[PDB]
Structure formats: C-alpha cells, structure tokens
Amino acid sequence: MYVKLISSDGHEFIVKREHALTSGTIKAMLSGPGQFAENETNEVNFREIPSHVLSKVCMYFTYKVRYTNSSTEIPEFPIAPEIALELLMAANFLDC
Amino acid sequence: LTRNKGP
Amino acid sequence: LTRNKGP
Amino acid sequence: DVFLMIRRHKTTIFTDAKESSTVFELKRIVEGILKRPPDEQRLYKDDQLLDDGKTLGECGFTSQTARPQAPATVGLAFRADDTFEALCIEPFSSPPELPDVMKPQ
Amino acid sequence: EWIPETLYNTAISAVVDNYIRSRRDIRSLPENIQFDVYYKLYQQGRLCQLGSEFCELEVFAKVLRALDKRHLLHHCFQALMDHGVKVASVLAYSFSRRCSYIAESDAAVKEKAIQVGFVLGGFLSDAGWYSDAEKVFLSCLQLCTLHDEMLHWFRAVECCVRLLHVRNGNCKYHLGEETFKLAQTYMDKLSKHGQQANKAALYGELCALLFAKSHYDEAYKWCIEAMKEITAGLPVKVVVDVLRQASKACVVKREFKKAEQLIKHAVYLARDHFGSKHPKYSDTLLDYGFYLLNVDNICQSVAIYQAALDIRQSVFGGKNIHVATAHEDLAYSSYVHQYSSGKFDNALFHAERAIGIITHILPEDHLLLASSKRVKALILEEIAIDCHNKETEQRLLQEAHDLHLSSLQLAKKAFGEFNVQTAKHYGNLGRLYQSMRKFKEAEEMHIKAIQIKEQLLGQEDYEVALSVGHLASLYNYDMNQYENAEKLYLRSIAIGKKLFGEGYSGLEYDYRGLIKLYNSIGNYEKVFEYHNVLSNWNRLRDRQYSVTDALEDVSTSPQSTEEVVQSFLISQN
Amino acid sequence: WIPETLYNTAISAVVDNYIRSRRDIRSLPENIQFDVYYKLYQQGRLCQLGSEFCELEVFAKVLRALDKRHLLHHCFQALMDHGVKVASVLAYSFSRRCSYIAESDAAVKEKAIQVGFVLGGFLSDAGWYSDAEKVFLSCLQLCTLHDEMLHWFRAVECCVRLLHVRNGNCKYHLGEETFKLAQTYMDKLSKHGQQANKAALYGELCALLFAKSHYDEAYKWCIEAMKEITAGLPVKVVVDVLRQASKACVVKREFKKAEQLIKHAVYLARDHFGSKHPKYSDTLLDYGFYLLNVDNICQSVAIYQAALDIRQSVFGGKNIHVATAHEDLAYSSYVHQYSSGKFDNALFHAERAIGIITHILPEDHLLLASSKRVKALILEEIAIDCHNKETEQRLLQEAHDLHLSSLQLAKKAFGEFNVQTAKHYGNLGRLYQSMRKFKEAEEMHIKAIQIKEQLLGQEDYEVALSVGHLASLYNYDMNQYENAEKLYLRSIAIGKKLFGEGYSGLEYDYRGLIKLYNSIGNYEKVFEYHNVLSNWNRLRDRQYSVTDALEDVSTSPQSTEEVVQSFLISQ
Ligand SMILES: [Zn+2]
C-alpha cells in the first residue's frame, strides 16, 4: 500500500501507492518487473531525480490526491523559483 | 426639435 | 438588377 | 486532517492524519510501514518530544501549517535497546544557487 | 540656442544603443538612472525591449520608485498595453504568485511585499487597470490578514479602502458592499484595541459605490459621514477624493449650493498639490464638469471636460479606460451643449472613440459600455433626425436602438429593474420610439421611467422633470393627446423653474411645446402670454451667458480646508 | 475544480521566474521548451516570446514539436501581429548561417538544409512566402556549391518548395526560371541512372500556369503530374497535386473529373491531417472553388466558411492565408446573395481581406488585384440597391478606383492579353454600365469578349458571362436589340451546354430576352419565355436542395490510385 520513492541522494520517500500512481511513469515503473519486489513496500529508484525535488514531487502527489474533484476553490501548488526548473524536468519525466 | 436632451 | 454577377 | 513528513534519518513518510487523532495512531502508522514497536519511537516536533497521550492538534499540528501542499515535518528516533538515539534528520539537498538577477555585478 | 546635450542624456543614448550587450548591468543601476534608460527605450520606439523588462515585478518595482516621473511611466506603460503585451496582468500575476510564497515569512519581508503591492496596485489603479489591480490588492489583503498583530489591521483596512476603489471603477458593485463590511470589521477590531483609524477614505469609496448604484439617498448620508471624518493630518489625495465624491453626491440630491463649494475646493486642492497636468486633477475636472453639467452651466462644462480629456490624453495614451471615461463624458456634454445647434461632429467623434476603447480593453458584458453606448445612441439620434434622408435616418435609429437595448440589458444584469440608470435607459428608449414612430412603446417606456423615477428619486427632482418633458413632448407634438400634456408641461416647468431659476435650458423646449399645445386648440391669450414668457426667457439666457471660464473661477486659494468642510457640515441640520 | 498538473504548475513557475532562467530554458527538452514559450504567449508576454523566437537556434528546437505545430502557427501569427518581424529576422539569420558555413563538410551542411527545410516549410505554411523564399534560396545555394547525388535530391526538393513560395507570392517570372532549374537538376539526376519523382514539381507548375491563366497547358501539366503518383508519395504531395489537377480541370471545363479529384483530395486531407488543419483548409478552399464554378453556389459558401474558420483558428488575423479565405468567401457570398442583395456578410469579408493584405503585402502586389476586385464588385452591387444618389456616385467611384488598381496590377504582371486582365475589363464594363456610361462600357465589354474568346474558346463559362453582360448593356441600357438578341442566345446556349437547364445565370438572360421582346414585338416569344422561366424556377426548386458537401464526400469513397487511374483513363 506504500512505495519507497528512493531519490538519487538516498532519501527514501515512503509515500502511499495510491499517491504514487498519480504519475504515469511511476505507475509504469511499478508494473512488470518493478512489482516483483516481495519486500512489501516497493522501492522505485530515481537516480536522476534529486531528493530536494522528489520531496516536492511527493508533496504534489499528496496534494493532487487530496484535492481531486474538489467542490471548493483550489490553491495553486507552492513551487519555489529556485526549484521550478528542476521540478519541471521532474514533472515531464514522471508525466505527472 | 420637439423634445429635450436625453438623460 | 439587370445583368449577371461579375467574373 | 493533518499532513506530516515523519523523517528519521533519510526516510520521509508522506502520511496523513486527523487533527483530532492522537500520537498513538501515528505510531501505529509507523508500525504499518517500518514494522517497529511504538515503544521504540520518539517523535520530535522541532526538538520537542510528543507524549503519547496528547493529540496532533494540541501539540502544534493544525490544518493550516501542515497543508497537503507543504506538510509539516516531524522527527523520529529508534531505541535499539540502548537509551534511544538523538534526532538525526538529514536535510534533503541544496537547490542550485540561483542569484538575484538585479544584484549589482 | 544650440546647447550641447548633457553627458547624462548623451550616455543614455549610448547605453540604449548598446542595450542588448548590457541588459543585465542596467538592472544594476540607481533607480533614477534605470528609469531614464527605459524611458529612452520607450522614446526610441523599442517597446519590445521595454516590455521584456516591465513584465518583471522587481524591475518594474524600482521603476515605480521614481515618484516624480510617474506621468512618463504612465505614458510608457499605456504604450506597452497598446503595444500588445499584457504587462498589467503579467505584473499582477507575478505579484500574486511571488507574494503567496512569503505567507509564513518574517514581518520585514511581508511588510516590504505589502509596500511593493501598494505601490504597484496604486499604479494600476491610477493607470485604470482595475481588474489587474484587484488581484494585487487581494494578495496584499491576504498577507495582511495572517498574523494577529497591531499594524496588520491598519494595512488590511488600507488594502480594503483600495479594493473598494478598484471595484467601483471595475463596476463590481456587488463585491463592494462586502468589501465595505470586511473593512468595517477590521475597523471594529482596531477600535476594540484602542486604535481608531481614519474613516474618510472608506466612507468616500462607499459613497462612490452607492452613487454608482443610484442610491443617492444613502450616498448623501455616507458622504456626510466621510466629510465629518476629514482631519488636517489626512493625505491630500484622500481629502480630494472625499470632496469630489461628496460634491457628486450633493449635486445629485439637488444640493447645488454645497456641491459647488466642495467641488471648487477639490479642484483648487488638486491643482495646488498635484498640478495642472496630473491624472487626479483631471479626475477633479471630470467631477467639476459633472457639476457644471448638472447646474445648466453647460458651456463651461464642455471646456472643463475638454481640459480633463487633454490631461488624460497627455499622461495616459490611447486605449485606456480613463481616456475612455473622459471621452464618454465630453461626448455627452458636447451633446447637451450642441443639442440646439445640431453640430454633433465633435460629440460623435468623442462618443465613437469612447466605445472604441472600452470594447478593446474591457469585456463586452461590462457595465461601462452601458454609459458610453447610451451617449452615442443619443448623438446618433440627433444626427439622424437632422439628416433629411430616410434610409440614413432609419439605419441610425436602428443602431441607436441596438445601443440602448444593450445598455438597458447591462442595467438589468447589474442594477436590476428599479434603478435610476434603468429609468434613464427607459427614457432614452421612449425618446427613440418617439423618433421611431412606435408611439405605444414610446409612451410605455416613458411612463415606466416616470414610475421608476418618482417612486425612488422623488416627485421634485430634475430627472423626473426631464422625463415628464419627454412624455408630454410625445403627447403634444406627436401623439396628439392634448389633455394630460398640459399637466405634464406644467409639472416640468414648475420643477425646472424652482430648481434652476428662470434660466433653465429645458424651459424653452417646454414653452414651445406649450405654445404648440395651445395653438392646436386655440386659447390665444395663453399663447400670447407664454410667448411673452418665452421672450423673457431669451432675454434672460443671453444676459447670463457671459460668465468667465470655470478654470479660473475657482481662483487661487479662495478658502481653506476645514472651512469648506465646516461650512458643509454645520448647515446639514 | 481539478488540480493542475505539476508539469503545468512548473511551467507557470519557470515562466514567472523567466529572466533568471531564460538561458536555462534553452537547456530543457524540446517539448518543455515549446510549453514554456506557449505559456509566454498565453500570459501575453509577446515581447519576450518575440525576443526568443527571432533566434534561429531557439526557434529550430520549437519547430521540432510537430504535434503542437497548430499552436505554433497561431503563436507566430500573434508575433507578426505584435509588430515583431519574426519571419524576416529568422530568414536573415538562416541566410547568415548559410553564408558562414558555405565552406564546411557535408555532415553539417546537410543539417542546416534539414533545419532550413523545416523552417522554410513553416514559413510557407504560415504564408510568409517573401520570407520563406530567402530560406529556400539559401538552401538551394548550399545544394548549388557542391555537385553530388544527395545534394541533387536536396536541390530538386528545394526547387520544388521554392516554386511553391514563388507562386503564393505571385512571382511567376521567377517561377518559370525555378522550374527550369528544377528540370536541369532532374536531368542531371537522370543522366546518372536515377529518377526522382516529379509529382510535386509538376503540381507546383500546374499552380504556376493556372495562376498565369494558361489553363490548357496547366491541364496538360496536371495530367503529367497525376501520371506519376504512387503509394510511396507523402499524403501532402498527393493532396496538392489532386487540388491543382481539380482546379485545372474546373477551368478546362471538365467538371466531371474535377468532382472525384477534389472530393478525394478533401477526404485525404480530412483523414490524414484532420478537420482542423491548414492543409485541409486549403482543400476546402479549392473545393469551394469547384462548387462555385459548378453553379452549386449555395453549398460553396458553407465550404469557404468552413475553410475560413480553420484558417482563422490555426492562424490569427493579419495573415495572407486567412485573407485569401476572406476574399474567396466574400466573392462567393456576393455570388450566393447576388439575387437577394444582402451584401452585409460579403462586404465584411471583403474589407477584412484588403485590410489584411494591405498590411502584410506591398501596394503593387498581385493579391490586391484579386481582393480589390471582390470589394469593388460588392460595393457596386450595394450602391445600385440604395436610393441615395450621392452615396451611389461615391461607392461607384470607389469601385472604379479599385477596378483600376486591379487592372493595373493584372496588366503589369500578366500583360494586356490575359484572362485575368480581361475579366477585370469585364468587371469594368459592368461598373461602367452601372455608372450610366454607355460607349465606355461598350468598349470595355468588347475588349473583354475579344480577349476572353480566343484564350478560352467560343463556348467557355467566363466568355458566356461576359457575353451576358454585353447583352444586358445593349438591351437594358443602349437599346441595340439586334445584337443583344444574338448575344443573349449565345450566352443561353453556352450556359445550357456547360451547366444545363439549372444554371442560375440563365434567369438574367431570360428576363433580358423577355424585356427585349416586350419592347420589340413577337409576344408569342414572350409567352413561351415566361413558360421557360417558370420551368427554370421549378427546376431550380429541386436543384436548390441544400446538402453538406462534407457529407457528399462522405467517408472512404474510393482508393488513392483508383481516382488517379479513373482520371487518367479518360484522357
Ligand atoms: Zn512588444
């Protein structure tokens, strides 16, 4: 029910599996040989994604899952200008 | 002219 | 209308 | 609802909890994830132990400072049967130094 | 003379010609130098190099800090908006996005952001971008109402006195009442903690809100309150705001003696502190032209409105809502002045250019069209009935019908069914249907306007007098119902004579209608005596025509602040 | 309320922090770069978007996003409406690049040609033919310095695409030389035992000769083009050749073949490219040309308007591609509502065409001749419907100025002996008839007949229309009934031969003959012409049955080689 989005630095980001399948790429990486990990939580190595930006990716997962089909007005995702470019390439690669 | 100006 | 449309 | 990042050394649990829920349910979540007893878990809210009796709302976590966009971090330590251990939360990384464009140079 | 060019001005030309290689280093300049390079880029026609820097919040922030060269900044900013780049919305979006990220920061960064937001939103409000200034002030209010500290209520109410200003100009009157309530809530929280804030600005903007919503009975009370809240320590801009808006609220409630005092003092203060080429002085000239229009001093209102427009075409540029308001106000004033002369060339030119601006910078459903279109649909009427052609007359009346219908639809959408603006549109449609030979619809629209104006404004008012004049001009000249036309003419002449003395312009229209009324039925003694009254009217009008120009009629320092205010307040009892 | 994607959120953040990362956006992947620049467009930052799109290095990576090309064509257009001359700067930058790498190896020379081909194709698709011609001239120079097989294929393709940008820009004198140079390169290819396909080149030559009103030789050359279409051709080439062959068949009075040709072209464009593609809008424009020349007029307005709405969505205002749709829809709406007389939508599309073309093209350019003609035709027909003499004598004066301008352009380009200048003469004859000028209208109409009879045959559509105009001038105006009767009979016979008894132009001839016989005698002819006019109205009641030509084409009518073979076996 939880996946372990390990970044390039080494920071494991144990986020819920339902949160992780927000991104199509993580869903693909958890399908096939990626789901064969028997040790409960699946580890998804991200040697190209640094930890400081994968943390924002996981925050976006927990943000979009909680704010999906919301009846009230929705706030924009707080994204820092100094991380915006790195999180843009992280959003393309993850297709989220 | 027959009327006044317009409001 | 006495003639046709212009070419 | 309250959103937390339970960080111990490099792990970062992106879990959620109710504002009226207590610390025992959060330690049970960590049971469900890192399979560790709650008696071996001391949770730190910025260098401050959370007693198991109190709730998440009382100790400082609210639905305004711990939004899903920017969840509020909480520490974690493991006992290993030897007087527990100190908090060793490792910061993620340094984003590349993007200087102010209008700085005189 | 042939003076050599200043080395400062010569180095500006050299730096601009080397602009591409030195884009990053011009940002590293003093604020006075950085403006002059950008103003030279505007002067050289390189608006796209200018626009690539003014889209940025923090480059534009230092450009905004040059307070003396704010007219030049307004001119180049309007040039960029006419260029095609949407710098007003880009700066608002950039401010909101960069400003929502420091909600949890320290007080110094937050107050710096609030100061920058006040400067930028005040610029966009002065420039006329009220939709793009609301977002800036909304973000400012959001950051003010975060911490429970003393000065945050002061900054919050200072945000709310400007949200209410940029919502009146944006015709968002339904958010205005809730903005007033929220500002009053923070004033209550200020009063509980022993810190009374000045209520002149908020009450003035509420008066403008209620005057725009045609609530003159309550707007007069609120401008009384605003004038009571004028102190000596107020900023001159706030005092001028309260004075001009109270004068507009007094002239609409037939308090002409008070209104001239307030508006002449406002014009004197605007010309004193700001100058003769400031946008705020042009605002006072517009309200003074409104006064002069509403006290039958039409010829001075035309020259006063032209002074307001010439200032607004100087500080601002082309497609701006302030120039559009100056145009739609001068077009109506020229329409009134040349109503008898029939030379609607300048009036149509100003009305057509007013709509040509609002249709370009505002959505098609905005209320500000409903005024301008109305003015055009008046002028296009009078040109059509003056033209001897039937095809052009029919086409122009159909176009005026379209404009009146659109304006009335906007009035229905915003103000409702029983508003004074709706009654004005009904009166205009009745006049048009009288010209359109649709007599039944003409009298229906006219009598509906009579009902709406009588039940809301009152029996003894100018608007109902003008509307009964229209109705009985339809009855007498056209519909040939000679019985009640006499009653409505007597009512119209009574109200006009009691309100404007014996020199009211509509008196001659009413007198000619009454003379035709009698000559169609006989009673030549009435015709003779009312021909004598009309001759007296002509003898009085040309005597009072020779009055000096209204720009210098206010003189230089005739009275002072807290004397005009006191003279207005002590006679309120 | 749905959350925005983290991709879109970061696109918003990178744009907002633009200049601090404006040199780092160029390090992003190509699709991300296109999304950043499109976000600069959406926010209204046209100044920075123009500052980046004027750079060839930035724009070449933008051109790689093919699936979002329909956005780019729009964005580009806004920049060309913003005042920033993006196309001219890009063409000059590419010419400078080629001049710099004139002496280099072929592995980097071929790279710039492929960058040059995509950029020139973009500018040709966008309609900047005067700016796409510099890019293709630079590419042709790069193919010209060296002589080998691959450079010969690149030179052939570059002369094919250079012929297209010299046709929409209306430079036919250079177009013939371009075709001769292309033929030289294909001869050099053939002498080395290698044959390159000539379908696209001969299709562009058909367009060249159709524009120069050489309808017979254009028909011969589109037969030559269609003789060499296989399954290996790109869809765009097949569509272009089918469109040009259909137009040549239309002006060659072969309405039967052009039906299947243009219908298969429209289906092919709607299938491969979709219903919102500029090439499909071109096919719809040629289909409307077909439907307007068939006398299926009421349908044709529904096809030009469909063509215009695609060209107005893919391309913004102030573009030659949306202006050509404007001038073609303005003519057809004038033609469709000629009997009704409600030239309100027709005049709006005519003034929009000239209001664009005068802004993006020089005053002496030939596209003004085809645009000023339509507005002047609408203005002349409007003023004879209004009763104001002072307005009629002003609108006819303006139409006189526009006809003289169009005639000057046509005589400067095509010469005095051409079909285009002759239909301008016929339009001037109609206008002079409306101007109450008798002898001048007669001279103009006689000159129109003289030029349109020899260059189109004795029984063509255009010459029949001009004979009808001259007959109306002799009948309703000059009272020369002895010649007007023969001219009316000739026009009726030709219209019956080409179109049948459902021709909409026969009403103005039947009523003319009715009036003439009313005022000369033989009332037994008047009664039977009333009977024939009633029969014509009853037949037009059924011929007026409105359908959708987008459903007349339907789905999967024929095969690609089937239509070509059917056209070829019928000579
Ligand atoms: Zn620009």
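Residue numbers (the authors' numbering), protein chains in the order written: chain D, 17 to 112; chain F, -5 to 1; chain S, -5 to 1; chain C, 2 to 106; chain B, 7 to 579; chain A, 8 to 578. All C-beta atoms in this analysis are idealised placements derived from N, C-alpha and C, irrespective of residue type, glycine included.
Beta-carbon proximity list for residue i, same chain, < 6 Å, skipping 5 on both sides
i                 : result
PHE424 of chain B : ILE458
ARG437 of chain B : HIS476
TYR524 of chain B : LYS532 and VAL533
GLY502 of chain B : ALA471, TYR510, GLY512 and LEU513
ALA420 of chain B : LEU373
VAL258 of chain A : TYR222
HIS328 of chain B : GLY134, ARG318 and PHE322
Nearest-angstrom Cβ-Cβ length linking residue i and residue j, presumed shorter than 8 Å
i                 : j                 : result
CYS177 of chain A : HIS431 of chain A : Their Cβ separation, rounded to whole angstroms, is 15 Å, which puts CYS177 of chain A and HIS431 of chain A out of contact at 8 Å.
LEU63 of chain B  : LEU13 of chain B  : The Cβ separation is near 32 Å, so there is no contact.
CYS146 of chain A : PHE124 of chain A : 7 Å
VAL75 of chain C  : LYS46 of chain C  : 6 Å
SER441 of chain A : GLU387 of chain A : 6 Å
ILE363 of chain A : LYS325 of chain A : 5 Å
Contact set for residue i: own chain, Cβ-Cβ below 8 Å, skip 5 residues either direction
i                 : result
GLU235 of chain A : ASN204, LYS205, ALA206 and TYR209
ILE521 of chain A : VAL533, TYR536, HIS537 and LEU540
C-alpha distance - residue i paired with residue j, whole-angstrom precision
i                 : j                 : result
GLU86 of chain C  : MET75 of chain D  : 28 Å
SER573 of chain B : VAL470 of chain B : 30 Å
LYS444 of chain A : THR398 of chain A : 18 Å
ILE9 of chain B   : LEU402 of chain B : 56 Å
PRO36 of chain A  : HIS80 of chain A  : 20 Å
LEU170 of chain A : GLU184 of chain A : 9 Å
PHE129 of chain A : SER288 of chain B : 50 Å
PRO97 of chain D  : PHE101 of chain B : 13 Å
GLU117 of chain B : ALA67 of chain B  : 15 Å
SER412 of chain A : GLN465 of chain A : 29 Å
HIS27 of chain D  : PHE4 of chain C   : 19 Å
Residue closest to residue i, alpha-carbon to alpha-carbon, out of the options
i                    : options                                   : result
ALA225 of chain A    : A:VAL321, A:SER320, A:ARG497 and A:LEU216 : A:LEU216
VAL69 of chain A     : A:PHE41, A:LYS243 and A:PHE355            : A:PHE41
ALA272 of chain B    : B:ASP247, B:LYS264 and B:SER282           : B:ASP247
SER94 of chain C     : D:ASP25, D:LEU37 and D:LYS20              : D:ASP25
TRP228 of chain B    : B:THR237, B:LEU249, B:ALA238 and B:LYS243 : B:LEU249
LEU(-5) of chain S   : A:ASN300, A:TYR483 and A:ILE576           : A:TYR483
residue 2 of chain S : A:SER552, A:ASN542, A:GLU568 and A:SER479 : There is no way to answer for residue 2 of chain S, as the model of chain S reaches only from -5 to 1.
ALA330 of chain A    : A:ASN300, A:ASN434, A:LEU292 and A:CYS305 : A:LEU292
Endpoints, alpha helix (DSSP H) assigned at residue i
i                 : result
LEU144 of chain A : 136 to 152
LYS20 of chain D  : Careful: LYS20 of chain D lies outside any alpha helix (DSSP H), inside the beta strand (DSSP E) at 18 to 23.
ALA18 of chain C  : Taken as a continuous stretch (DSSP letters only), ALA18 of chain C belongs to no alpha helix (DSSP H), being part of the beta strand (DSSP E) at 13 to 18.
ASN490 of chain B : 488 to 506
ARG63 of chain D  : Taken as a continuous stretch (DSSP letters only), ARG63 of chain D belongs to no alpha helix (DSSP H), as it is neither H nor E.
Endpoints, beta strand (DSSP E) assigned at residue i
i                 : result
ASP555 of chain B : From DSSP, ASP555 of chain B is part of no beta strand (DSSP E); its letter is neither H nor E.
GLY281 of chain B : Premise fails: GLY281 of chain B is in no beta strand (DSSP E) and is neither H nor E.
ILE236 of chain B : That residue, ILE236 of chain B, is in no beta strand (DSSP E); it is neither H nor E in DSSP.
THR74 of chain C  : 73 to 76
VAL3 of chain C   : 3 to 8
Nonlocal neighbours in the same chain, by C-beta distance under 7 Å from residue i, ignoring five residues either side
i                 : result
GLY58 of chain C  : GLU20 and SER21
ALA255 of chain B : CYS213, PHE217, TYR222, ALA225, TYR226 and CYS229
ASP138 of chain B : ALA94, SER95, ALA98 and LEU130
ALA448 of chain B : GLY436, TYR439, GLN440 and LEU480
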